[PDB]
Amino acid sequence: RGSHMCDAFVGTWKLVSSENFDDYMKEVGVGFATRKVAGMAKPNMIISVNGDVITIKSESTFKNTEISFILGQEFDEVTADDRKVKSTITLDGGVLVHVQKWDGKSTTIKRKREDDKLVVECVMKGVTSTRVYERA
């Protein structure tokens, strides 16, 4: 198989900045202790593409998580804060759009390339957090 547009996401990434993540976690419903420990974490994210399967791994002192998925096809995910969610990830004009549904709630995580960075925008209702990753 040849190159794909989403190969722009492939690589090893490290968190370099975070804004409003505590408030995002509060809106999601994360409890105090998990918010405190998760907010300290400086994760690395490892993204790879093999055929139609995209894999995103996160490694940190808080948790190590991994999802593999095909665009547009719903899957089960256990999040770092231990939510059991139903997730669907699509590509919208170069942006990976990840919707998680659980307990009648929903949150959207968008991942996009900007300059040499990978920007992750996490949205829960009116609350947005921006997390910026650079190449490791």
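The numbering used is simple: start at 1 and walk along the sequence shown.
Across the two stretches, 83-91 and 67-75, the PDB entry reports the greater mean Cα temperature factor for 83-91. Of the two stretches examined, 51-59 and 99-107, the record assigns the greater average C-alpha temperature factor to 99-107.
For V119, the recorded CA B-factor ranks within the lowest third of the chain. Only modelled residues enter the ranking.
Ranked by Cα temperature factor within the chain, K14 sits in the lowest third according to the deposited record.
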